[PDB]
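In: heads up, no residue letters with this:
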């Protein structure tokens, strides 16, 4: 049960903060690459640099999405299992209650 | 006109009275006799399965090449006998299900404590446990009429050729049945009737027949039911979709009615989900067929 | 090279699209986290309730049970919750991305600054667009139809049960909900 | 940090379990074309602005006497509220004047005597047709909108009282705008008057109309919008031809234009949606022609059947099944055959979706333009608005069911095609690249050799330009051992390896190549066609006619979404203006999706029960159209307000009927069979309850509406629980 709170209040907010940071940095990097291409003597260097930047950012975004998605799936699984466990205890309680009622009737 | 009406003997009220008169012992005896009949049917089916092993073996590996499958399907012999036997098995299983639900309803108010205890025990039994204790749990549950996923009586009957060879025959049975599904489209009796919610030749019980037979066979042989049922679904979907392109009225008289067989199979099968059907069979075709069979 | 300038612009646009995808993922993940966190609160609360109920139930005593024939109907009857969801398309339910898509769209003219100079005091903007027109006209039509439709259609335990029936008779049952309006029309078409 | 690592990450991300899904001189031409496109983007903006205009003078506190205490106090408010609204009218007037002047200048430029018999691209003619259609629709919007004049003149009384127009130029521009608005058919009249001054414009109109007719006859279009645009341009051009100087009937006798084809096309299809909820009657352009009175017998379209959609459902259904069956089987590198198969399958699906959308729009427009009456329809009451008879009582139950079925099929095919976005895009682009490279690197060789051999520099220059614009040399340069360049016949040979990669050519490159290639086949052009053999020209025409849809298919998503546009089924600005303040907005029972859903629910049709949800996303489509194209907040607000009650009514009725059907089935199940048989024998049969498919709706948890996910199952559960409690209490 402890891992539920951990995955709730230490993983998902981390992924969110990370994704917002990614959006801001990505806008900054598009502006930077555009600037490098027209105030650089070697255009091909900026193009390769630009290509490298575009390749990188995509990998980072994919990794963050994968991790976040995995965490969400695990959280759902943990919750469903706990709910199922609760459903068993509640059924036992109901069985005890109606057994007591039948005993009182007898 | 027969001398009796089946609706006056198979109705819920009549089934409930029969269950009340008989009891769990009588219901178990009836189920055992039905499983004996189903085992005889399966043994007869195995002869047809084995007598066409060569074509079936190549069929399984060529599902993606219709050119050779078209010629291969022409070499199969007795393609309607298998369908008839599966329909008989499905009818027997449907009768068993009616009896079991009647017994469950009867016992639901006669011994509520024992029924509740059995339901609680079966529901919260870890499936990771070996089949040795799961079979006993399922037998105990079915003694009260519970809807167990795997029928212990069917397993016992079908349990009663090397071990590896019996598994290959079981696997090839599903492939043989799948490719014979489109042959029903040419039958005039395969017309779906909304008033009946099923076909006139009882081919709608083929879903239950296939599911129960596959479950019993692949739990007896320590096989994987999910994987085998997924193979059956892929082969059946491909065979049916090839029919959709054809324009001959005689061969496609009840193609739309036959298309609903996949939907029924997925609905009543506890191992298959709509996601698998959609990945290999769009639901729009089933929706269109449902629209057409109503008018 | 003009072609080289084009490719750089395309790469910048691709980075911008990557940021847009980042925001399309972030909003969904935040909404999912919020709803799952609320679900976790509910689960924890009901777990506390369940353990309390179990520890209470494991103390019952059949001999302690006492049945009062007189209090059988003098007792308040238990009723389960009957909450029904309605108004599922309100402004509060608008997703954020639609919020940005909408707040950037052209706003209606400031006709609301003319209300003080109107003799009847009716809202000026309501002469331009009236979203509540659907609801008010439909309600008026439904009420009129219903009004026409009615015309178209046209021992000590003994003391306890007596008190119960008296309470039930006197304590009978006691609108801008569509479901209520429809229930009225069908009930009126009946007697 | 590498491309391979990023691709791997994407594959890894995709590998997750996600269950429970559902229950030269051509440069000048290019520049002019670009300018025309830019002008068109502005014309569309002005048209949409005009369409979504609402009377702003109604809310004004109209003054009855001339001595009101606050008479002077409201004029400033009126001025400050209507200044931007009149600025838009001034901008529209300036834009339309500039557009008319530019179109007249281009017509004069292309109508010169020496330039008359030169070569002009078909795209330019299509653009001129688009311009004339834009002018016609703008004139129609100006004529229909009677509130713009009132608002402008109220602002006129507001400004003149305050004496803020003392500037002479302000008075002049105000008078110009007032007279522009007062006149009827002012835009068309001005353009026409400016047309006669040019001599020979009839020839340009004629070849434009001929190009449009040829395109329509050969089905040279993909989206229904283009299909309607062709007919609209034909009609408007025919209207423009007839006048003081030019006569179509005399021109027709010269065989310059064909009137029989246009007449037949108008007879088969009579009405198309001009803009928004307004439809254009094609025969009006002929009936209003200058010389139509003395030649009415020539036209059968004007005098007066086939719009019944209930009789065309068999072909629709059969086609749908055949296509869905073909596509289902296509759910490491493959041969060109598979890519070509995917390309043709995508083209066929897009064409089928466009055909269905065109049929639906045509039937809707015809019904709108032909309202019924109590004499024809008995259900229609004596008192009813124009929209009532036009829509609500103008559809039969079978017609509504057919429309719902067609819409559901369209949306199902759309989603199925979208599921295969990547495969279709890859196959289409690979096929396009392979075809372009193979053509430009092999097919042009023989022609080039012939040209060099016979000293045809004119052909050689354009052929070399074509081969230099697109051809990609795997070796990094054009081969030097090629015998075609030297002009001597190749040995026996000279195998050349054409590279293969999946990318479509840029729009500029494709347009440039097409313009060069269809210049060689031009009959008008001394004709260049006369300098080429037969097989080469035949192959060139084959390639040119095949490459028409490359641009549309490259933007596969946009084309697919365009071919399935159904947002025009909700807007009612035209009919609202036709009320003149009586109706601020039509009630719930007038929006076609609501009528369809309510009819399906009330009739309790088992077959159509599964289409109730498919007939509900028209609201989402209309909201998207308003928020993306119209960009009007109030339209979305009204759509949301309507949906808020539509969904509630639908949910309540669905739950009630589901509970009733289930209770009836349960009661029938327990009824004694012998009693039923005895009653049937005696003549008192107890009718059984018809079956239904409510289970599909019960298993629905993803109903999407305006970005909201609604759990229909929860609401149905609550309603059935309440009904069960009420039934138990009633029994007790």
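Out: Received the coordinates, thanks. Numbers count the residues shown, from 1 in each chain, chains lettered A, B, ... in the order given.

In: Going by C-alpha atoms from here, please, whenever you check contacts or count neighbours.
Out: OK.

In: Please name the spatially closest residue to the residue of the stretch 1-150 of chain B found nearest chain D (chain neighbours excluded).
Out: Residue nearest to chain D within the stretch 1-150 of chain B: residue B:8 (6.2 Å; C-alpha to the nearest C-alpha). Nearest residue to residue B:8, sequence neighbours excluded (C-alpha to C-alpha, 6 or more residues apart in numbering or on different chains): residue D:673, at 6.2 Å.

In: Wait, the one you found touches residue B:5, no?
Out: No - assessed by C-alpha atoms under 8 Å, residue D:673 is found out of contact with residue B:5, at 9.4 Å.

In: What parts of chain A come near chain C?
Out: When proximity is defined as C-alpha under 8 Å from any C-alpha of the partner chain, chain A approaches chain C at A:8, A:12, A:16, A:19-20, A:22-24, A:26-27, A:29-31, A:33-34, A:37, A:43, A:47, A:50-51, A:54, A:57-58, A:61, A:65, A:68, A:72, A:76, A:79, A:83, A:86, A:90, A:93, A:96-97, A:100, A:103-104.

In: Mind checking which of those residues are buried?
Out: Buried residues within these, counting neighbours by 16 or more other C-alpha atoms under 10 Å in any protein chain shown: A:8, A:12, A:16, A:19-20, A:22-23, A:26-27, A:29-30, A:33-34, A:37, A:43, A:47, A:50-51, A:54, A:57-58, A:61, A:65, A:68, A:72, A:79, A:86, A:90, A:93, A:96-97, A:100.

In: Look up how far chain A lies from the residue positioned nearest the centre of chain D.
Out: Centroid check for chain D by C-alpha atoms, centre = their mean gives residue D:225 as the closest residue, at 3.6 Å. Distance, residue D:225 to chain A, by C-alpha to the nearest C-alpha, to the nearest Å: 37 Å.

In: I'd assumed residue D:636 was in contact with residue D:626.
Out: Yes - with contact defined as C-alpha under 8 Å, residue D:626 counts as touching residue D:636 (6.5 Å).

In: tell me, what's touching the two both at once?
Out: Listed contacts common to residue D:626 and residue D:636 are nil; contacts here mean C-alpha atoms under 8 Å, 6 or more residues apart in numbering or on different chains.

In: about what we covered before: between residue D:673 and residue B:5, which one's more packed in?
Out: residue D:673 (17 against 11; other C-alpha atoms under 10 Å in any protein chain shown).

In: does stretch C:5-23 come close to chain A?
Out: Yes - Stretch C:5-23 comes into contact with chain A (C-alpha under 8 Å from any C-alpha), by way of C:5, C:8-9, C:11-16, C:18-20, C:22-23.

In: of the residues you listed, closest to residue D:6?
Out: Nearest to residue D:6 among the residues of stretch C:5-23 next to chain A, counting by C-alpha to C-alpha, is residue C:18 at 13.2 Å.

In: I'd like the distance between the closest one and chain D.
Out: 13 Å.

In: where's residue D:523, which helix or strand?
Out: Secondary structure assignment for residue D:523, by DSSP states H and E: no helix or strand.

In: Can you classify the nearest residue to it once chain neighbours are set aside by secondary structure?
Out: In space, and not counting its chain neighbours, residue D:523 is closest to residue D:529: 6.7 Å by C-alpha to C-alpha, 6+ apart. Following DSSP: H, G, I helix; E, B strand; the rest coil, residue D:529 is assigned to helix.

In: which residues touch residue D:529?
Out: Applying C-alpha under 8 Å, 6+ apart, the residues near residue D:529 are D:520-523, D:537.

In: which of the residues you listed tops the neighbour count?
Out: When neighbours are taken as other C-alpha under 10 Å, the top entry among those is residue D:520 (23 neighbours).

In: Contact partners for it?
Out: D:459, D:528-529.

In: next one: residue B:137
Out: Contact partners of residue B:137, counting by C-alpha under 8 Å, 6+ apart, are residue B:122.

In: mind checking how far it is from residue B:123?
Out: Per C-alpha to C-alpha, to the nearest Å, residue B:137 is found 10 Å from residue B:123.

In: hmm, back to that, quick one: the residue nearest to residue D:523 and chain B, what's the gap?
Out: For residue D:529 relative to chain B (C-alpha to the nearest C-alpha), the value is 44 Å.

In: And residue C:121, by the same measure?
Out: Separation of residue C:121 from chain B (C-alpha to the nearest C-alpha) stands at 55 Å.

In: Also residue D:149?
Out: Separation of residue D:149 from chain B (C-alpha to the nearest C-alpha): 51 Å.

In: doesn't residue D:182 make contact with that residue?
Out: Yes - if you go by C-alpha under 8 Å, residue D:149 and residue D:182 touch, sitting 7.2 Å apart.

In: which of those two has more neighbours?
Out: More neighbours surround residue D:149 than the other of residue D:149 and residue D:182, with 18 against 13 (other C-alpha under 10 Å).

In: which residue packs closest to that one, ignoring adjacent ones?
Out: Nearest residue to residue D:149 in three dimensions, chain neighbours excluded: residue D:181, at 6.1 Å (C-alpha to C-alpha, 6+ apart).

In: Just the residues contacting the helix or strand containing that neighbour, thanks.
Out: Using DSSP H and E, residue D:181 maps to helix D:168-182. Identification of contacts with helix D:168-182 by C-alpha under 8 Å, 6+ apart yields D:89-90, D:93, D:142, D:149, D:152-153, D:156, D:165, D:186.

In: I'd like the next helix or strand past it.
Out: The first helix or strand that comes after helix D:168-182 along the chain, using DSSP H and E, is helix D:186-196.

In: what about that following helix, distance to the chain center?
Out: 28 Å (C-alpha atoms, centre = their mean, to the nearest Å).

In: Please name every helix or strand in contact with it.
Out: Applying 3 or more C-alpha pairs under 8 Å, 6 or more residues apart in numbering or on different chains; DSSP states H and E, we find helix D:186-196 packed against helix D:71-110, helix D:122-144.

In: List the contacts of the residue in chain C that chain B sits nearest to.
Out: At 17.5 Å from chain B, residue C:54 is the closest residue in chain C, using C-alpha to the nearest C-alpha. By C-alpha under 8 Å, 6+ apart, residue C:54 lies in contact with residue A:93.
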